[PDB]
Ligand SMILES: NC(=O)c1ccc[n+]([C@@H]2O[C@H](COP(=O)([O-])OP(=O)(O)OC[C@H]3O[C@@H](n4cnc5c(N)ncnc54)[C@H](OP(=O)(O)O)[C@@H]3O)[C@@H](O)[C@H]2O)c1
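The form deposited without this ligand is given below as one chain in structure tokens.
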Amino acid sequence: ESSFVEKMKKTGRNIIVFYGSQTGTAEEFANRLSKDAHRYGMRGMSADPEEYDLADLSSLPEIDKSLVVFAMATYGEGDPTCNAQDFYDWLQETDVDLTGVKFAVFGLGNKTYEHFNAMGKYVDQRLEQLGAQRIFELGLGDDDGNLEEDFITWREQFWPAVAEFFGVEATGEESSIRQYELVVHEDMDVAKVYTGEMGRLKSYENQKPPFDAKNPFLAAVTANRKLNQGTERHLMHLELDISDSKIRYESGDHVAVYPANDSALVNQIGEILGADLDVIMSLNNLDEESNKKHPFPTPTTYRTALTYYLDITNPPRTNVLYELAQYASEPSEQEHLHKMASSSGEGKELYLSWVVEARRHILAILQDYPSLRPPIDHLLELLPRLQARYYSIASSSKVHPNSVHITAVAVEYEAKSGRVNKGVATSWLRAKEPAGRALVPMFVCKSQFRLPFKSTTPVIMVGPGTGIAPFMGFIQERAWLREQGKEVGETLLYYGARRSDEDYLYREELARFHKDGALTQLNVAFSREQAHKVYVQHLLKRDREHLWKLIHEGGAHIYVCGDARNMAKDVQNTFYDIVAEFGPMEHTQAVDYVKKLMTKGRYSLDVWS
């Protein structure tokens, strides 16, 4: 029954939709597709592949008229989402015969990235190779345009093709309107109420391994200090105690945390809607046959839902604004909301500008449209789930097996909406003061940002500002290896900053590593000081000769990390120029050479946006 197949049989499901999602876009699509099954007299369920063994696809043919659908997002360099990692690894190893398996894939991607929808394309071609039968063309959603309409366009052709394949047709029955109904609990034991846990009730208090996305380990914050000298920004370094969790990690991996929305913002929303946030309740699916019993962990209070389970800071979706329109008592306001939710060009234009680019959130919409008074229960099923935030672990498990370090800048800005916005996780992390204990629900997500297999292999690290994070772990580890008597190749760091007196992160630590010979070269650039701005790509260019040697003769591995995609672009272009000059070779040939390094695993990236 731990098999998704047996799980399906239990509830008479013939359609299962797996989601490879990291920020919830794919998950929601899977939820919608699963729900769609019903409009055709069939039954589906959405599912997190991480919770199952996809090799069980082999038993799916046991279910008559069964179909498996995949909504998969592609991340850094074509890599899968954290929750789809095991499925991806398995697909590459397996040679199982999937004859009799019917599938369809909808990929979530973005054309501006080099590996557009790589995950979607991989899963679709791989399943066919294994012998499964494609029932509908691969969908290629592009978030650089309008992912929603791509999904809608695919979906509208998908269902008729599936209904036809399985012999059914639309029922054309009631639309439903709302997906959940409100059930208040006048009296209820405190023991039955969720207080912020993600998986099993009281799983936060009764910490029991193994710990992962659905069972986060509450790590104690043992250190939380200010890294920068300035006052205009707040860069911080934190250390999370993972002792006794059995959680394993390596330099280059990521640590995800489930934050808590600002208590004051939660209060405001409750107040503007005139509701008692301390009311305990449950939202139950109107359709008793749906597998999605509740929108989030219930029973729980409105306060807890808004604080731990819901996204109340990002721009509300167009469908949310459409639904909200019916609650605006003022015509002009109702109409404005519809125009913003519409597909017209003016409508899209307005939404893009006034909602998205101005970074307005659910509270702002509520204040901006005072005639808008929706019941809080209906609002909660319209809001998206609060997502975990990922950070590059800045420590080496070889040196800190029981502690995971984080390096991050606190997010705070004046939005064009005229309000000040606060990053959800960084504001929450910033307030976590060591010593009861300040606990951070977290889990580790493996990455492929790994130090070379052989210690002798040279290492080149490029990263500006906070992008230095994973490299503190790398340097910690390389230094450790030297102490252990190993033969370690050169270790070079090309770091960029604004000012050495504003934000020159880890000065002391780097100086010590360099003095010990752990850090072969320490190259630092400051971009904000006089018209003459120096960036990391300039540091690389000034060191063209030595870098070419390490790359062409030394077999060095390259690593780039930072929050700016254009930074990675400029760094990459700089390496193209170095290869072109020292090969020597034509630019076009230099490009191929660098990309080859990437496919050969010698040029890794970790860009956060």
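Each form is matched to the other, and the largest set of C-alpha atoms that superpose within 1.5 Å is called the rigid core. Residue numbers run from 1 along the displayed sequence. Residues that one form lacks are left out of the comparison.
Below, we turn to the form deposited with this ligand bound, even though it does not appear here.
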Task: Pocket open vs blocked [this ligand transferred in the entry with it bound by site C-alpha superposition; 2.4 Å, backbone or C-beta, 3 atoms] - done: blocked
Open item on the list: Check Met567 for me: does it contact this ligand in the entry with it bound (non-hydrogen atoms, 4.5 angstroms)?
Closed with: yes
TODO: Classify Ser2 as contacting or not contacting this ligand in the entry with it bound by the rule of any non-hydrogen atom within 4.5 angstroms, answering yes or no.
DONE: no
Task: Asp53: touches this ligand in the entry with it bound, heavy atom cutoff 4.5 angstroms - done: no
Task: Heavy atom of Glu545 within 4.5 Å of this ligand in the entry with it bound - done: no
Task: Partner-proximal stretch of 513-521, 531-539, 151-159, 204-212 relative to this ligand in the entry with it bound, 4.5 angstroms, heavy atom - done: 531-539
Open item on the list: I need to confirm a contact call. Of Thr298, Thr466, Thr307, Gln476, which residue comes within 4.5 Å of this ligand in the entry with it bound, counting heavy atoms only?
Closed with: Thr466
Task: Selected contact from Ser397, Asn291, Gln179, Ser527, since only one has a non-hydrogen atom within 4.5 angstroms of this ligand in the entry with it bound - done: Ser527
Task: Residues in 483-500 with any heavy atom within 4.5 Å of this ligand in the entry with it bound - done: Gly496, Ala497, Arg498
Task: Position that moves between the shown form and the other one after core superposition, taken from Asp577, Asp563, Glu545, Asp56, with Cα shift of 2 Å or more - done: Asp563
Task: Closer or farther in the entry with it bound, the Cα atoms of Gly496 and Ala564, when the shift from this form is 3 Å or more - done: farther
Task: Relative Cα spacing, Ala564 and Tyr603, in the entry with it bound - shift of 3 Å or more - done: closer
TODO: Give the consecutive runs of 3+ residues, present in both forms, in which every C-alpha shifts by 2 Å or more between the shown form and the other one after rigid core superposition.
DONE: 563-565
